[PDB]
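Student: first chunk of the complex, coordinates as they sit in the assembly:
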Amino acid sequence: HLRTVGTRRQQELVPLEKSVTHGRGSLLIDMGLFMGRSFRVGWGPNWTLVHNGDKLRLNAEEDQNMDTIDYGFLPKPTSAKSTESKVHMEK
Amino acid sequence: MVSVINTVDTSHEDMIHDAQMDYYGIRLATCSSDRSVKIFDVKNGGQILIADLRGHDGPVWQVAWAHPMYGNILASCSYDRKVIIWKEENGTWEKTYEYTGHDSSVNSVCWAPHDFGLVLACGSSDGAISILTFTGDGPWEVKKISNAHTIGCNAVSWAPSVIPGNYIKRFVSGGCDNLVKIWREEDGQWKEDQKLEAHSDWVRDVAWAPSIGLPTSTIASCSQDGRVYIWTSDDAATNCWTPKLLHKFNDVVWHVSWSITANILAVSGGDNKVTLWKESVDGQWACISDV
Amino acid sequence: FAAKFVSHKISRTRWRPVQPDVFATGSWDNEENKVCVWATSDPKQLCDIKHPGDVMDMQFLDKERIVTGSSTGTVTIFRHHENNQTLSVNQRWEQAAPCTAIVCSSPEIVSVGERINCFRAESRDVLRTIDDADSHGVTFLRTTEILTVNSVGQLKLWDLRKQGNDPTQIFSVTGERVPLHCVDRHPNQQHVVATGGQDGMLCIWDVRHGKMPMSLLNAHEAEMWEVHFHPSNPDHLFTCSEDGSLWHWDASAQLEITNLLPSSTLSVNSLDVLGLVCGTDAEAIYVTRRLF
C-alpha cells in the first residue's frame, strides 16, 4: 500500500514533470525559417523522457540498472564496464 | 535525486542492462530496455552481431548462458513476466521453451552448476522464484516457491557444486525486503535454510563466489543503502553467516560479480563507475583500481 | 578615392565580415590606443573602442565579433554587437614580447612572434604551446601546418597538428638579406606562395616544384609593405613600398606596374580588400574607399 502511495506520489511527480516538459516546449519552442541561427533548447529532456518511459513507481525506481552489470573472470579477467567505451582492449 | 542523476547522465550511446560472455569466451549475449536479446561474437576482440532474438513485451533484465554440455542454450528474463530459453541447432537460434508462471516481472535468472543437471532458477518481482528442470525431450517441470521475499526478488545466485565426497545444493537470493535468504533443497522442494538481514534497504544483487576448491564459501551482496557485504561461512555444516562490510558509497550499488581465481569483486554502482576489490592479507577489503 | 583624415595614425583596416563597405580600423600609437568599428563610411563611430593595449593581432571574430591581440603579446577580443552598440570583451590573455603577424586556421587563431601560444575557438586555456624561440611569417598552408619565418626571412614549415617542436621543412633564400616583413601564400592553391623583397623585389615560391626562389623583382623602393589582392580575383593584385607607396602591378593582366595610389603620403595601415588598404611597414594614417 505504501509503495502504491509512493507511485501515486511518483505519478504526481511525473505529471508535474510532464507539465514542466510542456512548459519547456512552450517556452523553448523555436521556429526560425527558412534557415536561422541555432538557438539553445531543452532537446536533451525529450531524449531522457523516452528512456524513463522504457525504464517504467517502486518497480521503476528499483528497476533501473545503477550502471549496472558486473563481469566475472577466470583465467583471468574479462573486461566489463557499462561503460566509458563496455570492453577494454588492454595492451 | 534520480531526475538529477538522469540530467547528469545524458547517455553517449544506447544502453544495455546485463550482458554475459559465453563459456569458452566465444559469444557475448546482451539485452537492453528495447526488448531485444542480441547475441554478439567476439573473435579477436572485435564485436560482430549474429542474431536479434526479439520476443519480450517488456525490457529484458538479466541473461545467462547454459553450460556447453547441453549444446548451446541461452536464457533471458524480462519485465513481461516471461522467461525465454533459446536453443541453437546449426545456426537455428529458435526458442525451444518459454515459461510464464510468475505474475509480476522477472528480475533475474541463473543456471545451476552443470553437475546438478540443467536447472534454471528464476526470481520474480511478485516475491516468487520459479525453477525449471530439464527432462528427456521438450518438457520442463517447474518447482515454484511462493512468497520467498516480501515485496519481490532481485537476485538469484547458485551455490558452487560441492561434492559430498547424497548431494546437497544451497542457493541464496536477495530481494526487496532487505533479506538475503539462502535456500536448501531435499527430495524436490526448496526450503529457506536461513535469512540474512544486514541491509537497510532493497538487496540489489547477490553473488555466490566460486569456491577455489577452498571450503570457506563466501557470498557478496549490494543494496540501495550503498553498502557491499561479503558474508562468510567459517566452516562446512555450521549455520553461521558472519557479514563483513566491504565499503559504503553515498549512492546505490547495482551489480556485484566475482572474478574466478583471485576472488576479486567487481562492484558496479554509485557514480557510473565500477571498482575492483581484493581481500588483503590482513582481511580488510581494498579497491585495486577504478575501471 | 574619397580620402578621410582620421587625425589618427592608422595601424589596422578590415573590410569586415558581414563589399568593402563596413570598414573597421585599429589605431595604434596613441595615448589610449585606439580602434573604431562601423567607422566611417557616415561619421558612424559606433564602436570607437576605448582601449588600453594596442593592436598586434586583429580579426573580425564574427560579423558580430572581433578578435585581436594586445601590445605586450596580450590578447583582446570582444563581440561586436552592432545592434545595441555595446559589446562584451571575450578574450583577455596576459602573456601569449609582442606578436609579429597574424595567421588563421579556423577557428584556432594561430600566429607567430618576433614562441607560439595556440589559443583557439573558446579555448580560453592555452592548449598547444610549441615554445620554440623565433630568431613573422605565419599562415595555414594546410590545417594545421604552418611555417615560421624568422627575421632572417627564414621560413620553416612546422605544425601544431602532430606532436613535436621542430619544423618539418624550411624555405630560405640564398642570402638571407632582408628581415621578416611580408610573405605571400596564394588563395589560388594553399600550396602556392610568394613573398615580397624588402628591396622592392618579389620572392615567389614553389612548394611542390622544388623549393627554389622562383621570382624576385626590383620594382619597389622600400621594405615590403603589403599587397592589395582581389578577394576573388586571385591574380589581380598590386604592389607597394614602405613609405606607404603603391605601384600597381597589374597581375591579372604583362608587367604593368605604375604609380598607383593617391601617393606620396606617409605609411598605410593593414590589408583587407574585397569588392580597403595594403598596409605599409610603418602604418600611418591614410584612406580611400572606392575599391571597385
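Tutor: Thanks, I have it. Numbers count the residues shown, from 1 in each chain, chains lettered A, B, ... in the order given.
Student: Up against chain B, what does chain A have?
Tutor: Within chain A, the positions near chain B by Cβ under 8 Å from any Cβ of the partner chain are A:3, A:17, A:44, A:47-48, A:51-52, A:54-55, A:58-59, A:61-78, A:80-83, A:86-89. Backbone N, C-alpha and C define where each C-beta goes, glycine included.
Student: Helices - which of the residues you listed land there?
Tutor: With DSSP state H as the criterion, helices contain A:3, A:17, A:44, A:47-48, A:51-52, A:54-55, A:58-59, A:61 from among the residues of chain A next to chain B.
Student: what's the most distant pair in those residues?
Tutor: A:3 and A:44 (29.9 Å; Cβ to Cβ).
Student: and residue C:36, what element?
Tutor: Assigned by DSSP states H and E, residue C:36 falls within strand C:34-37.
Student: name the helices or strands packed onto that strand?
Tutor: strand C:23-27, strand C:47-48 (3 or more Cβ pairs under 8 Å, 6 or more residues apart in numbering or on different chains; DSSP states H and E).
Student: highest average neighbour count across the ones you listed?
Tutor: Comparing the helices and strands packed on strand C:34-37 by mean neighbour count (mean count of other Cβ atoms under 10 Å in any protein chain shown), strand C:23-27 ranks first with a mean of 24.
Student: partner strands of it, parallel or antiparallel?
Tutor: Strand C:23-27 pairs in its sheet with strand C:12-15 (antiparallel), strand C:34-37 (antiparallel), by DSSP bridges.
Student: Could I get those strands in TSV, plus columns for mean neighbour count?
Tutor: Listed next are the strands paired with strand C:23-27 as TSV, based on neighbours: other Cβ atoms under 10 Å in any protein chain shown:
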stretch	mean neighbour count
strand C:12-15	24
strand C:34-37	24
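Student: Could you dump those strands into a markdown table with distance to residue C:265 added?
Tutor: Formatted as a markdown table, the strands paired with strand C:23-27 follow (distance: least, Cβ to Cβ, whole Å):
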| stretch | distance to residue C:265 |
| --- | --- |
| strand C:12-15 | 15 |
| strand C:34-37 | 19 |
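Student: list the contacts for the closest residue to residue B:257 other than its chain neighbours?
Tutor: Distance criterion Cβ to Cβ, 6 or more residues apart in numbering or on different chains; nearest residue to residue B:257, sequence neighbours excluded, is residue A:70 at 3.1 Å. For residue A:70, the contact set (Cβ atoms under 8 Å, 6 or more residues apart in numbering or on different chains) comprises A:80, B:205, B:207, B:255-257, B:266-268, B:274.
Student: cutoff 7 Å now
Tutor: For residue A:70, the contact set (Cβ atoms under 7 Å, 6 or more residues apart in numbering or on different chains) comprises A:80, B:255-257, B:266, B:268.
Student: And those, which is closest to residue B:66?
Tutor: The shortest approach to residue B:66 among those belongs to residue B:257, at 18.1 Å (Cβ to Cβ).
Student: Just say helix, strand or coil for that closest one.
Tutor: strand (DSSP: H, G, I helix; E, B strand; the rest coil).
Student: I'd guessed it sits against residue B:205; true?
Tutor: No. Counting by Cβ atoms under 7 Å, residue B:257 stays clear of residue B:205, with 8.2 Å between them.
Student: between those two, who's got more neighbours?
Tutor: More crowded of residue B:257 and residue B:205, by other Cβ atoms under 10 Å in any protein chain shown: residue B:205, with 30 against 23.
Student: Include this sequence as chain D:
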Amino acid sequence: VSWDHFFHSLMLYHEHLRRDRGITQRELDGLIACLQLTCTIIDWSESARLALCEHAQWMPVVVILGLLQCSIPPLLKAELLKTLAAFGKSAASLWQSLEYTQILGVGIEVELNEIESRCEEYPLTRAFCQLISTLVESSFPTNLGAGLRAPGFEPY
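Tutor: Alright, chain D goes in next:
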C-alpha cells in the same frame, strides 16, 4: 556469384588496406578494372544494376563508403561514384546513406580543402559532379537534412 565474390574481395581488400595507394600498382590497377567493369555492367542493364543495388552478400554500398573513408586513390573514388550510379537509377535509401555519411560535414569540408590543395589535374572532380546531378534528378526527400536545422537539402 562472381559479382558477389568480387564484392567479398573488395570487403577483404578494404580490410587488408586498413590493416596495412597502400597496395602493389598491378593489384590496385586490377581493382580499378574490377570497379570499372562493375560500373559499366550496372548502368547498361536495369536488372543487373538492381541486383547490385540491393544484394546482401555483395555489400557494395557499405564497402564503397569504407573505401571512401579510408585513405584512397582518385581512380578508386571515381569507381565508387560509378557504383553509386546504379543505386541512384534503381532515392530515400540513397539520401539516408548520404545523411549517414555526413554524420560520419566537417570531414566533407576537409575533403574539399584537400581538393583545393590538389589535385591530380581535376580528373577526380567530374564524376562526383555527375553523381550529384543524378541524385538531384531523383526526387528530394523531406526527411533528409532534418537533423541539421531548417534546410538540409540546400547546403549541398
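Student: In light of the added chain D, please revisit what packs on strand C:34-37.
Tutor: strand C:23-27, strand C:47-48 (3 or more Cβ pairs under 7 Å, 6 or more residues apart in numbering or on different chains; DSSP states H and E).
Student: go with 10 Å
Tutor: Counting by 3 or more Cβ pairs under 10 Å, 6 or more residues apart in numbering or on different chains; DSSP states H and E, the packing neighbours recorded for strand C:34-37 are strand C:12-15, strand C:23-27, strand C:47-48, strand C:66-70, strand C:74-78.
Student: Need the ones you listed in JSON lines (columns: distance to chain D).
Tutor: Below are the helices and strands packed on strand C:34-37 laid out as JSON lines (distance: least, Cβ to the nearest Cβ, whole Å):
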{"stretch": "strand C:12-15", "distance to chain D": "22"}
{"stretch": "strand C:23-27", "distance to chain D": "27"}
{"stretch": "strand C:47-48", "distance to chain D": "30"}
{"stretch": "strand C:66-70", "distance to chain D": "21"}
{"stretch": "strand C:74-78", "distance to chain D": "23"}
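Student: ok, back up a step: give me the contact list for the strand holding residue C:36.
Tutor: Outside strand C:34-37, the residues that touch it by Cβ atoms under 10 Å, 6 or more residues apart in numbering or on different chains are C:6, C:8-12, C:14, C:16, C:22-28, C:44-51, C:54-55, C:58, C:60, C:66, C:68, C:76, C:78, C:80, C:82, C:85, C:87.
Student: Helix, strand or coil: sort out the closest residue to chain D within chain A for me.
Tutor: Closest residue of chain A to chain D, Cβ to the nearest Cβ: residue A:35 (4.3 Å). Assigned with three-state DSSP, residue A:35 falls in the coil class.
Student: Now it. Nearest residue, chain neighbours left out?
Tutor: Using Cβ to Cβ, 6+ apart and skipping residues adjacent in sequence, the residue nearest residue A:35 is residue D:150, 4.3 Å away.
Student: mind checking how far that neighbour is from residue A:32?
Tutor: 7 Å (Cβ to Cβ, to the nearest Å).
Student: Beta-bridge partners for the nearest residue to residue C:221 once chain neighbours are set aside, please?
Tutor: With Cβ to Cβ, 6+ apart as the criterion, residue C:221 has its nearest non-adjacent residue at 4.7 Å, and that residue is residue C:241. Beta-bridge partners for residue C:241, by DSSP bridges, are residue C:245.
Student: Test my guess that residue C:241 contacts residue C:218.
Tutor: No. The pair residue C:241 / residue C:218 is not scored as a contact, 11.8 Å apart, by Cβ atoms under 10 Å.
Student: So for these two, which sits in the more crowded spot?
Tutor: Neighbour tally, residue C:241 and residue C:218, criterion other Cβ under 10 Å: the higher count belongs to residue C:241, 22 against 9.
Student: which neighbours do residue C:241 and residue C:218 share?
Tutor: Common contacts of residue C:241 and residue C:218 (Cβ under 10 Å, 6+ apart): C:199-200.
Student: For stretch A:27-37, buried residues please.
Tutor: Buried positions in stretch A:27-37, judged by neighbour count with 16 or more other Cβ atoms under 10 Å in any protein chain shown: none.
Student: Could you pull up the residues touching the nearest residue to residue D:46 once chain neighbours are set aside?
Tutor: Leaving aside its chain neighbours, residue D:46 sits nearest to residue D:89 (7.6 Å; criterion: Cβ to Cβ, 6+ apart). Residue D:89 makes contacts with D:42-43, D:46, D:49-50, D:53, D:134, D:137-138, as judged by Cβ under 10 Å, 6+ apart.
Student: what two of these are the furthest from one another?
Tutor: D:50 and D:137 (17.8 Å).
Student: Understood, closing this out.
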